[PDB]
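What follows is the content of query.cif, which has mmCIF, C-alpha atoms:
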data_query
loop_
_atom_site.label_atom_id
_atom_site.label_comp_id
_atom_site.auth_asym_id
_atom_site.auth_seq_id
_atom_site.Cartn_x
_atom_site.Cartn_y
_atom_site.Cartn_z
CA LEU A 212 -117.93 83.91 115.94
CA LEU A 213 -116.54 82.73 112.64
CA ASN A 214 -116.95 85.65 110.19
CA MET A 215 -117.18 89.26 111.37
CA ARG A 216 -119.71 91.32 109.41
CA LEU A 217 -120.13 95.08 109.19
CA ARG A 218 -122.39 97.35 107.14
CA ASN A 219 -121.21 100.75 105.93
CA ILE A 220 -123.70 103.26 104.55
CA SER A 221 -122.75 106.34 102.52
CA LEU A 222 -125.19 109.16 101.80
CA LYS A 223 -124.94 110.16 98.13
CA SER A 224 -127.19 113.23 98.27
CA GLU A 225 -127.62 113.59 94.49
CA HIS A 226 -128.89 110.02 94.14
CA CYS A 227 -130.07 107.11 96.29
CA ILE A 228 -128.48 106.18 99.60
CA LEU A 229 -125.81 103.52 99.23
CA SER A 230 -125.22 100.91 101.93
CA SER A 231 -122.79 98.01 101.65
CA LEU A 232 -122.42 95.11 104.04
CA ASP A 233 -119.00 93.51 104.36
CA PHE A 234 -118.11 89.96 105.32
CA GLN A 235 -114.67 89.13 106.73
CA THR A 236 -112.80 86.08 108.03
CA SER A 237 -112.61 86.92 111.80
CA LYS A 238 -108.97 85.98 112.56
CA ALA A 239 -109.61 85.47 116.31
CA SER A 240 -111.93 82.67 115.22
CA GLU A 241 -109.76 81.32 112.41
CA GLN A 242 -106.78 80.31 114.54
CA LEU A 243 -109.20 78.26 116.70
CA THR A 244 -110.23 75.94 113.91
CA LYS A 245 -106.83 76.30 112.19
CA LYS A 246 -105.34 74.52 115.22
CA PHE A 247 -107.67 71.55 114.82
CA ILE A 248 -107.44 71.70 111.01
CA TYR A 249 -103.65 71.40 111.01
CA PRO A 250 -104.13 68.78 113.70
CA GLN A 251 -106.17 66.97 111.02
CA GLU A 252 -103.62 68.14 108.35
CA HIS A 253 -105.40 71.10 106.75
CA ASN A 254 -103.86 74.52 106.16
CA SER A 255 -106.88 76.83 105.91
CA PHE A 256 -110.64 76.67 106.34
CA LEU A 257 -113.18 75.91 103.61
CA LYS A 258 -116.36 77.71 104.70
CA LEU A 259 -118.93 77.81 101.89
CA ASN A 260 -121.34 80.73 101.60
CA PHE A 261 -124.34 79.32 99.73
CA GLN A 262 -127.23 81.72 100.45
CA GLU A 263 -126.46 85.38 101.24
CA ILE A 264 -129.41 87.76 101.26
CA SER A 265 -130.33 91.22 102.51
CA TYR A 266 -134.04 91.83 103.03
CA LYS A 267 -135.74 95.15 103.71
CA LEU A 268 -136.99 94.91 107.28
CA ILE A 269 -140.61 95.99 107.48
CA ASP A 270 -143.81 94.14 108.18
CA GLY A 271 -142.40 92.09 105.25
CA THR A 272 -140.11 93.15 102.36
CA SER A 273 -136.92 92.20 100.52
CA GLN A 274 -134.40 93.88 98.18
CA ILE A 275 -131.69 92.83 95.72
CA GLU A 276 -128.05 93.91 95.84
CA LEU A 277 -126.82 96.12 93.04
CA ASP A 278 -124.54 93.67 91.18
CA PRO A 279 -124.19 89.93 90.61
CA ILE A 280 -123.16 87.29 93.15
CA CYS A 281 -122.41 83.60 92.69
CA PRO A 282 -122.29 80.83 95.35
CA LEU A 283 -118.72 81.19 96.63
CA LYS A 284 -116.34 79.63 99.17
CA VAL A 285 -113.07 81.18 100.37
CA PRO A 286 -110.34 80.35 102.87
CA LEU A 287 -109.16 83.56 104.61
CA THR A 288 -110.84 86.47 102.89
CA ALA A 289 -113.42 89.25 102.91
CA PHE A 290 -116.28 90.10 100.55
CA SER A 291 -118.60 93.09 100.42
CA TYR A 292 -121.78 93.54 98.39
CA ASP A 293 -123.66 96.81 97.93
CA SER A 294 -127.39 97.45 97.79
CA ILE A 295 -129.05 100.78 97.05
CA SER A 296 -131.54 102.26 99.51
CA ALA A 297 -133.97 105.14 98.87
CA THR A 298 -132.83 108.60 99.96
CA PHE A 299 -135.28 109.73 102.63
CA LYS A 300 -136.43 113.31 103.07
CA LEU A 301 -136.53 113.53 106.87
CA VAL A 302 -136.90 111.20 109.88
CA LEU A 303 -137.59 107.63 108.78
CA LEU A 304 -134.76 105.29 109.77
CA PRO A 305 -135.20 102.15 107.67
CA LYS A 306 -134.04 98.71 108.78
CA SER A 307 -132.71 95.61 107.04
CA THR A 308 -132.38 91.87 107.73
CA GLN A 309 -129.09 90.51 106.22
CA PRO A 310 -129.38 86.75 106.43
CA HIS A 311 -126.52 84.44 105.48
CA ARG A 312 -125.59 80.77 105.26
CA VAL A 313 -122.04 79.61 105.98
CA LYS A 314 -121.51 75.92 105.25
CA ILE A 315 -118.38 74.49 106.86
CA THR A 316 -116.48 71.57 105.39
CA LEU A 317 -114.46 68.47 106.24
CA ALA A 318 -113.12 65.40 104.40
CA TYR A 319 -115.77 65.20 101.62
CA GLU A 320 -118.49 64.96 104.32
CA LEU A 321 -119.31 66.36 107.80
CA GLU A 322 -120.45 69.72 106.44
CA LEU A 323 -121.53 71.35 109.70
CA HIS A 324 -124.27 73.71 108.56
CA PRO A 325 -124.48 77.23 109.99
CA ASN A 326 -126.76 80.21 109.39
CA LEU A 327 -126.77 83.79 110.59
CA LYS A 328 -128.95 86.89 110.35
CA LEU A 329 -128.17 90.26 111.95
CA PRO A 330 -131.12 92.64 111.59
CA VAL A 331 -130.46 96.32 112.29
CA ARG A 332 -131.28 99.85 111.14
CA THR A 333 -129.62 101.02 107.92
CA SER A 334 -129.20 104.69 108.87
CA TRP A 335 -125.57 105.69 109.32
CA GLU A 336 -126.07 109.38 108.34
CA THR A 337 -122.47 110.48 109.06
CA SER A 401 -128.75 122.17 93.56
CA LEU A 402 -130.53 125.32 94.70
CA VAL A 403 -128.31 128.31 95.48
CA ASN A 404 -130.25 130.61 97.80
CA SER A 405 -129.75 134.37 97.67
CA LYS A 406 -129.18 134.64 101.47
CA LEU A 407 -131.13 137.90 101.60
CA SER A 408 -134.72 137.59 100.39
CA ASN A 409 -134.96 133.98 99.11
CA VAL A 410 -134.26 134.82 95.47
CA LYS A 411 -133.42 131.21 94.72
CA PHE A 412 -131.42 130.37 91.60
CA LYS A 413 -131.08 126.96 90.02
CA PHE A 414 -129.76 125.96 86.65
CA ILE A 415 -132.35 123.97 84.75
CA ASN A 416 -129.61 121.73 83.39
CA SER A 417 -126.81 121.74 85.96
CA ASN A 418 -123.76 119.44 85.73
CA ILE A 419 -124.62 117.97 82.37
CA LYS A 420 -122.55 119.63 79.68
CA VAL A 421 -120.19 117.79 77.41
CA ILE A 422 -119.29 120.65 75.11
CA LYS A 423 -116.55 120.39 72.48
CA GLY A 424 -115.32 124.02 72.40
CA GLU A 425 -118.60 124.93 70.64
CA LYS A 426 -121.25 127.36 71.75
CA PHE A 427 -123.88 126.23 74.23
CA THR A 428 -126.73 127.68 76.27
CA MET A 429 -127.79 127.16 79.88
CA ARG A 430 -130.84 128.25 81.94
CA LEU A 431 -130.59 130.23 85.18
CA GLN A 432 -134.16 129.85 86.44
CA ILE A 433 -134.39 132.67 88.97
CA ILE A 434 -137.22 132.30 91.50
CA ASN A 435 -138.19 135.57 93.17
CA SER A 436 -140.62 136.92 95.73
CA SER A 437 -142.63 138.20 92.69
CA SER A 438 -142.18 141.65 94.26
CA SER A 439 -140.28 143.97 91.87
CA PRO A 440 -139.09 141.02 89.72
CA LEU A 441 -136.83 143.10 87.40
CA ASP A 442 -133.66 144.02 89.26
CA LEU A 443 -130.31 142.50 88.37
CA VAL A 444 -127.43 141.87 85.96
CA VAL A 445 -125.07 138.93 85.39
CA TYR A 446 -121.35 139.16 84.45
CA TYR A 447 -118.37 136.82 84.36
CA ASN A 448 -115.25 138.87 85.43
CA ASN A 449 -112.51 137.74 83.07
CA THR A 450 -109.73 139.02 85.34
CA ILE A 451 -107.16 136.99 87.26
CA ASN A 452 -107.88 137.50 90.95
CA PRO A 453 -104.79 138.83 92.77
CA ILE A 454 -104.39 136.01 95.40
CA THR A 482 -96.11 127.65 100.47
CA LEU A 483 -94.72 128.83 97.16
CA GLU A 484 -96.43 125.98 95.35
CA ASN A 485 -99.50 127.04 97.26
CA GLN A 486 -98.97 130.28 95.38
CA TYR A 487 -98.63 128.44 92.10
CA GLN A 488 -101.69 126.18 92.45
CA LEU A 489 -103.84 129.20 93.27
CA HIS A 490 -102.36 131.00 90.28
CA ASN A 491 -103.15 128.13 87.92
CA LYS A 492 -106.67 127.85 89.34
CA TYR A 493 -107.25 131.58 88.99
CA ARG A 494 -105.82 131.65 85.50
CA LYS A 495 -107.85 128.76 84.17
CA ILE A 496 -111.00 130.18 85.76
CA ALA A 497 -110.69 133.66 84.30
CA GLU A 498 -109.58 132.80 80.81
CA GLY A 499 -111.20 129.51 79.77
CA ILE A 500 -114.82 130.49 79.03
CA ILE A 501 -116.19 133.81 77.77
CA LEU A 502 -119.99 134.35 78.39
CA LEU A 503 -121.16 135.87 75.08
CA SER A 504 -123.98 137.80 76.79
CA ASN A 505 -121.91 139.73 79.28
CA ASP A 506 -123.87 142.34 81.25
CA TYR A 507 -127.11 140.76 80.15
CA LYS A 508 -129.27 142.81 82.58
CA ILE A 509 -132.07 140.38 83.24
CA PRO A 510 -135.47 142.05 83.82
CA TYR A 518 -137.83 134.43 84.77
CA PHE A 519 -135.46 132.45 82.55
CA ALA A 520 -132.16 133.25 80.87
CA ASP A 521 -130.05 131.57 78.22
CA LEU A 522 -126.44 132.81 78.79
CA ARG A 523 -124.52 131.61 75.76
CA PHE A 524 -120.88 130.65 76.40
CA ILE A 525 -118.16 129.43 74.07
CA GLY A 526 -115.46 127.94 76.28
CA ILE A 527 -112.00 128.14 74.78
CA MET A 528 -110.04 125.76 77.03
CA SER A 529 -110.49 122.16 78.10
CA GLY A 530 -110.62 120.51 81.49
CA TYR A 531 -113.39 119.83 83.96
CA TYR A 532 -114.63 123.17 85.25
CA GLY A 533 -116.25 122.24 88.50
CA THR A 534 -118.48 124.85 90.25
CA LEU A 535 -118.04 127.41 87.39
CA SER A 536 -116.74 130.34 89.33
CA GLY A 537 -116.71 133.90 88.13
CA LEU A 538 -120.36 133.93 87.07
CA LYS A 539 -121.61 136.53 89.54
CA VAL A 540 -124.81 138.54 89.63
CA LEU A 541 -125.44 141.99 91.10
CA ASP A 542 -128.66 143.52 92.40
CA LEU A 543 -130.48 146.81 93.33
CA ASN A 544 -129.00 147.00 96.84
CA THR A 545 -125.40 147.86 97.75
CA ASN A 546 -123.52 144.64 96.88
CA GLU A 547 -125.46 141.46 96.27
CA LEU A 548 -122.43 140.02 94.50
CA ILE A 549 -123.59 136.46 95.09
CA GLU A 550 -122.31 133.47 93.22
CA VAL A 551 -124.04 130.72 91.38
CA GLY A 552 -121.59 128.10 92.77
CA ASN A 553 -123.28 125.49 90.66
CA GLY A 554 -123.14 123.76 87.33
CA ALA A 555 -120.16 122.08 85.77
CA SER A 556 -118.98 121.24 82.31
CA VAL A 557 -116.32 119.02 80.92
CA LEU A 558 -115.17 120.58 77.66
CA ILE A 559 -113.87 117.48 75.90
CA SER B 822 -168.76 95.69 119.36
CA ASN B 823 -168.07 94.30 115.91
CA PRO B 824 -164.71 94.65 114.17
CA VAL B 825 -163.16 92.39 111.58
CA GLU B 826 -159.56 91.90 110.47
CA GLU B 827 -157.26 94.80 109.64
CA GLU B 828 -156.75 94.29 105.93
CA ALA B 829 -153.42 93.66 104.23
CA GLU B 830 -154.14 96.44 101.73
CA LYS B 857 -141.16 120.57 91.19
CA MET B 858 -143.02 123.54 89.68
CA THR B 859 -142.32 123.48 85.94
CA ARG B 860 -142.66 126.48 83.60
CA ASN B 861 -143.74 125.34 80.14
CA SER B 862 -144.08 128.10 77.54
CA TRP B 863 -147.12 127.23 75.34
CA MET B 864 -145.34 124.27 73.71
CA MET B 865 -144.99 120.58 74.26
CA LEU B 866 -143.22 119.26 77.36
CA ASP B 867 -142.79 116.05 79.35
CA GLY B 868 -142.68 114.81 82.93
CA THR B 869 -141.35 111.82 84.86
CA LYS B 870 -142.64 110.26 88.07
CA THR B 871 -140.97 107.36 89.91
CA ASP B 872 -142.02 107.76 93.54
CA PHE B 873 -141.95 105.33 96.49
CA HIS B 874 -145.26 106.41 98.03
CA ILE B 875 -146.54 102.96 97.08
CA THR B 876 -146.96 101.04 100.34
CA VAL B 877 -150.44 99.81 99.52
CA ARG B 878 -149.81 96.09 98.85
CA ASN B 879 -147.25 93.97 100.80
CA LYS B 880 -145.02 96.97 101.72
CA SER B 881 -143.89 98.25 98.29
CA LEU B 882 -142.77 95.05 96.56
CA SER B 883 -143.20 95.84 92.85
CA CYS B 884 -145.81 97.08 90.38
CA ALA B 885 -149.04 95.36 89.44
CA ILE B 886 -148.95 96.45 85.78
CA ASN B 887 -147.33 99.29 83.88
CA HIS B 888 -148.57 102.65 82.59
CA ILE B 889 -146.25 103.83 79.82
CA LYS B 890 -146.36 107.66 79.61
CA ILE B 891 -150.05 108.52 79.78
CA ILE B 892 -150.63 111.94 78.16
CA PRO B 893 -152.88 114.05 80.40
CA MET B 894 -154.31 116.71 78.02
CA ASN B 895 -157.91 115.60 77.66
CA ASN B 896 -159.70 117.30 80.60
CA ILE B 897 -158.77 120.80 79.54
CA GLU B 898 -159.38 119.80 75.91
CA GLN B 899 -162.96 118.80 76.70
CA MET B 900 -163.35 121.86 78.91
CA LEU B 901 -161.74 124.54 76.75
CA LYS B 902 -163.52 123.30 73.63
CA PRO B 903 -167.21 123.32 74.69
CA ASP B 904 -167.10 126.27 77.10
CA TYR B 905 -166.29 128.44 74.09
CA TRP B 906 -168.48 126.23 71.95
CA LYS B 907 -171.31 126.99 74.35
CA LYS B 908 -172.78 129.71 72.01
CA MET B 909 -176.38 129.14 73.12
CA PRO B 910 -177.60 131.78 75.65
CA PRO B 911 -174.51 131.75 77.83
CA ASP B 912 -176.13 133.15 80.98
CA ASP B 913 -178.59 130.39 81.94
CA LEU B 914 -175.56 128.09 82.60
CA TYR B 915 -176.42 124.60 81.36
CA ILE B 916 -172.97 124.04 82.77
CA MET B 917 -174.58 124.79 86.13
CA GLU B 918 -172.01 123.44 88.57
CA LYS B 919 -169.10 125.73 89.31
CA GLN B 920 -165.85 125.08 87.43
CA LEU B 921 -163.65 126.02 90.41
CA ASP B 922 -162.30 122.45 90.31
CA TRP B 923 -161.71 122.92 86.57
CA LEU B 924 -159.25 125.75 87.24
CA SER B 925 -156.79 122.87 87.55
CA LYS B 926 -156.78 119.66 85.52
CA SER B 927 -156.53 116.65 87.94
CA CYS B 928 -156.11 113.79 85.50
CA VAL B 929 -156.12 110.30 86.96
CA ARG B 930 -154.30 106.98 86.56
CA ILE B 931 -155.92 104.23 88.64
CA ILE B 932 -153.53 101.29 88.41
CA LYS B 933 -154.88 97.78 87.98
CA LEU B 934 -155.31 94.80 90.31
CA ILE B 944 -140.94 99.54 95.04
CA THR B 945 -141.45 102.99 93.54
CA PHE B 946 -143.71 104.07 90.68
CA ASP B 947 -142.66 101.90 87.73
CA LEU B 948 -143.84 103.91 84.73
CA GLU B 949 -145.54 107.28 85.16
CA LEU B 950 -144.90 110.04 82.63
CA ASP B 951 -147.16 112.76 81.33
CA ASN B 952 -146.74 115.08 78.36
CA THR B 953 -147.96 118.40 79.75
CA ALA B 954 -148.82 119.90 76.35
CA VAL B 955 -149.72 123.59 76.96
CA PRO B 956 -150.30 124.11 73.20
CA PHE B 957 -154.07 123.96 73.86
CA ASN B 958 -154.48 125.52 77.29
CA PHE B 959 -156.03 128.39 79.20
CA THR B 960 -154.11 131.44 80.39
CA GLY B 961 -155.03 131.50 84.09
CA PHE B 962 -154.54 127.97 85.41
CA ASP B 963 -151.95 126.64 87.86
CA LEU B 964 -151.65 122.88 88.30
CA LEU B 965 -152.76 119.33 87.63
CA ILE B 966 -153.42 117.65 91.00
CA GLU B 967 -152.92 114.22 89.49
CA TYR B 968 -154.43 111.52 91.72
CA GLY B 969 -153.40 107.87 91.27
CA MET B 970 -155.28 104.99 92.92
CA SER B 971 -152.26 102.96 94.00
CA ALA B 972 -153.92 99.68 94.89
CA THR B 973 -153.62 96.21 93.41
CA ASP B 974 -156.85 95.41 95.26
CA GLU B 975 -159.32 93.28 93.29
CA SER B 976 -162.73 95.02 93.60
CA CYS B 977 -162.02 95.88 97.23
CA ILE B 978 -163.57 99.40 96.99
CA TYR B 979 -160.65 100.29 99.26
CA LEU B 980 -157.99 101.81 96.95
CA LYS B 981 -155.70 104.24 98.79
CA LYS B 982 -155.41 107.02 96.22
CA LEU B 983 -152.44 109.35 96.71
CA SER B 984 -152.49 112.62 94.78
CA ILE B 985 -149.57 114.30 93.04
CA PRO B 986 -149.49 118.02 92.33
CA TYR B 987 -147.58 120.13 89.82
CA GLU B 988 -148.05 123.80 90.95
CA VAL B 989 -146.89 124.89 87.50
CA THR B 990 -146.81 128.28 85.79
CA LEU B 991 -147.36 129.20 82.14
CA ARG B 992 -145.31 131.86 80.36
CA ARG B 993 -147.34 132.79 77.28
CA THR B 994 -145.38 133.23 74.08
CA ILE B 995 -147.76 134.66 71.47
CA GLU B 996 -151.11 136.35 70.97
CA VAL B 997 -153.04 137.60 67.97
#
Would you mind writing the structure in this file as C-alpha cells?
Amino acid sequence: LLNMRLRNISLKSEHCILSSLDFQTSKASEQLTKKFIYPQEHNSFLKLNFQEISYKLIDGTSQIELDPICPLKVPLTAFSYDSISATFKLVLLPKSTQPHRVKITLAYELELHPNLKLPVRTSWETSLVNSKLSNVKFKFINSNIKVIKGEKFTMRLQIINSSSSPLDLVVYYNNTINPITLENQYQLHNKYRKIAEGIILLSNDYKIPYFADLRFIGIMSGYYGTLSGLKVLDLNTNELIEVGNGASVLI
Amino acid sequence: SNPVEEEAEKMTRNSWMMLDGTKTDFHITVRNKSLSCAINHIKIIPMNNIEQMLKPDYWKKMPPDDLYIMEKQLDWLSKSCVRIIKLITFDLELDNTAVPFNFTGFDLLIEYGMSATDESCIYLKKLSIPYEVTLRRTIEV
C-alpha cells in the first residue's frame, strides 16, 4: 500500500510473448504520507527503488528485462519495464516472481526500508494460408520481407498438397479496379486503385503443374500489406482462394 | 526398499545444392531449469554420415551379395547426426544440409542432441530433433 503494480502481457504471435510490469505511485497512499510530510515541511515523497527484479518462477529460474534500468527514485510517478517471454505452443501457463525494493527517505537518515514481491502467472492471453477444401496449404517461403526499389523480384509460393493429382491450378493477378459515407466511397476507391495498378506479375497465368517463382516488377510505392489480387484457381468450380499473405514496401 | 535422491539433472525442400538451418529451441530444461548454455556449438555441418555411407556402399565392389555390411541399413535411410553438448534456449545450433552428395530416396535427419551439462553422470537426457525433409532432384546423366 504505497505503489500499485500491474503486469500487462501482449501476445505477439509472430515473435515471443511480451509482458511488461508497471509500477505506479498509488495516490490513495500518497496523500497519507503527504499529510505527515507537509506536517514535517516536505512537498512530495522520496521513495528510492534500489533493486527491482523479475524472476522466472519455476523450481528456480530468473530472467532479465529487455532494456536497461538504473537505480532510480521518483516523487509521484510511474515506471514500466518490459521482459520477453517465450511464445508457448499450447497449455503451459508460466509464472514469474517480480521482486522489488522501495527505500523510503527522511531528513538525511531514517530510511525506512521496504521490500515487495508479487508472484503470479504471466498468461494474459486476451503464415500458412489453408485452402479450406482439401488442405492444399500455401505459404510464401519469404513472406513479409521485401524491400524492393521498383526493380524486379521473385517470391516462392510453396504449395503443399495431398500428393494426389498434384498438377491442377493457375495463378493470376486481376489488374482491374473492383467496382465497390462518400469518403467511404473514396477510401475504397483509392485502395482498389492502388491494389490493381501498382504491381504487375510478369508471369500472369503461370499454370503451375511444388515451388514457383512469380516475378513481379511493382510500379508504385507504398507499403502493400496483404498483397491482394493474387488469386489462384483450381480444377473444381471456383476455388478462387486468396493468398492473403506477404507484404512489400517498395521504397 | 532402497531409493536415493532425485537428481537435479519445418520440412525443408533442398534441391541438390547447399543449404543451411537454424535451431534455437527451449527444450533445454536439463540443468537448473533452462538457465543458459554450458558451451557453444557454432554451426556444425552434418554431412558426414551419408558421406561415409554413400561412398563405401558403392565402393563395396567385392562380391556384393555376402554382405560384409551385414546389419540392415534401415536406420541409414535417414542420417541422424549428433551433437552431445559438454559439461534458456539452444544457444548455437546450425547445420548445413548439403544435398550435393546425397541419395535419392531418403527423408530426414533425426538429429539427437544430448542436452546435459552433467559431468560423467551417464544420465544425459537426449532430446531428438527431426527434419522430415524432401529432395527435389535437379539433374541426372
Care to translate the PyMOL selection byres ((chain B) within 8 of (chain A)) into actual residues of this file, as a CSV table (one decimal) with C-alpha atoms, keeping the file's coordinate frame?
chain,number,residue,atom,x,y,z
B,879,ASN,CA,-147.2,94.0,100.8
B,880,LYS,CA,-145.0,97.0,101.7
B,881,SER,CA,-143.9,98.2,98.3
B,882,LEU,CA,-142.8,95.0,96.6
As lines of an AutoDock Vina configuration file, please report the centre and edge lengths, rounded to one decimal in Å, of the axis-aligned box that holds all listed atoms of region 978-994 of chain B with 3 Å of padding on each of the six sides.
center_x = -154.4
center_y = 116.3
center_z = 86.7
size_x = 24.3
size_y = 39.8
size_z = 31.2
Length of the CA of residue 292 (chain A) to CA of residue 276 (chain A) vector [Å]: 6.8 Å
Could you check the closest approach to residue 934 (chain B) for each of B:886, B:866, B:825, B:917 and tell me which residue wins, using all atoms listed in the file? B:886
Mind checking which residues fall within 10 Å of residue 869 (chain B), counting all atoms listed in the file, ignoring those fewer than 4 positions away in the same chain, and posting them as number ranges by chain? B: 890, 946, 948-952
What does the PyMOL selection byres ((chain B and resi 945) around 6) select in this file, as JSON, numbers by chain? {"B": [871, 872, 873, 944, 946]}
Take the residues from that selection and put them in a file with C-alpha atoms, as an mmCIF file, in the frame of the given file.
data_model
loop_
_atom_site.group_PDB
_atom_site.id
_atom_site.type_symbol
_atom_site.label_atom_id
_atom_site.label_comp_id
_atom_site.auth_asym_id
_atom_site.auth_seq_id
_atom_site.Cartn_x
_atom_site.Cartn_y
_atom_site.Cartn_z
ATOM 1 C CA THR B 871 -140.970 107.360 89.910
ATOM 2 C CA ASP B 872 -142.020 107.760 93.540
ATOM 3 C CA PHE B 873 -141.950 105.330 96.490
ATOM 4 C CA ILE B 944 -140.940 99.540 95.040
ATOM 5 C CA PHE B 946 -143.710 104.070 90.680
#
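The residues caught by the PyMOL selection byres ((chain A and resi 438-448) around 8) in this file are residues 435, 436, 437, 449, 450, 497, 501, 502, 505, 506, 507, 508, 509, 510, 537, 538, 539, 540, 541, 542 and 543 of chain A.
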One decimal, Å: what's the distance from CA of residue 557 (chain A) over to CA of residue 452 (chain A), could you say? 22.7 Å
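When only C-alpha atoms are used to compute distances to residue 404 (chain A), the closest of the residues A:306, A:422, A:433, A:234 turns out to be A:433.
Residues within 9 Å of residue 277 (chain A), counting all atoms listed in the file and excluding same-chain residues fewer than 2 positions away, are residues 275, 279, 292, 293, 294 and 295 of chain A.
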Radius query 8 Å about (-129.8, 141.2, 101.5), atoms used: only C-alpha atoms, as a ChimeraX atom specification: /A:405-408,544,547
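Among the candidates A:298, A:323, A:550, A:533, the residue lying nearest to residue 417 (chain A) is A:533 (atoms considered: only C-alpha atoms).
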May I have the residues within 8 Å of residue 262 (chain A) as a ChimeraX atom specification, using all atoms listed in the file and disregarding those fewer than 3 positions away in the same chain? /A:282,311-313
Separation of CA of residue 254 (chain A) from CA of residue 320 (chain A) in Å: 17.6 Å
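You can rank A:290, A:427, A:493, A:335 by their closest distance to residue 216 (chain A) using only C-alpha atoms, and at the top of that list sits A:290.
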Could you list as a ChimeraX atom specification every residue that has an atom within 9 Å of (-128.9, 119.0, 89.6), using the file's coordinates and counting all atoms listed in the file? /A:225,401-402,413-419,553-554
Keeping C-alpha atoms, export the residues of the selection given above as a PDB file, in the frame of the given file.
ATOM      1  CA  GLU A 225    -127.620 113.590  94.490  1.00  0.00           C
ATOM      2  CA  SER A 401    -128.750 122.170  93.560  1.00  0.00           C
ATOM      3  CA  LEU A 402    -130.530 125.320  94.700  1.00  0.00           C
ATOM      4  CA  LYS A 413    -131.080 126.960  90.020  1.00  0.00           C
ATOM      5  CA  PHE A 414    -129.760 125.960  86.650  1.00  0.00           C
ATOM      6  CA  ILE A 415    -132.350 123.970  84.750  1.00  0.00           C
ATOM      7  CA  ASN A 416    -129.610 121.730  83.390  1.00  0.00           C
ATOM      8  CA  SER A 417    -126.810 121.740  85.960  1.00  0.00           C
ATOM      9  CA  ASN A 418    -123.760 119.440  85.730  1.00  0.00           C
ATOM     10  CA  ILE A 419    -124.620 117.970  82.370  1.00  0.00           C
ATOM     11  CA  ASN A 553    -123.280 125.490  90.660  1.00  0.00           C
ATOM     12  CA  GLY A 554    -123.140 123.760  87.330  1.00  0.00           C
TER      13      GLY A 554
END
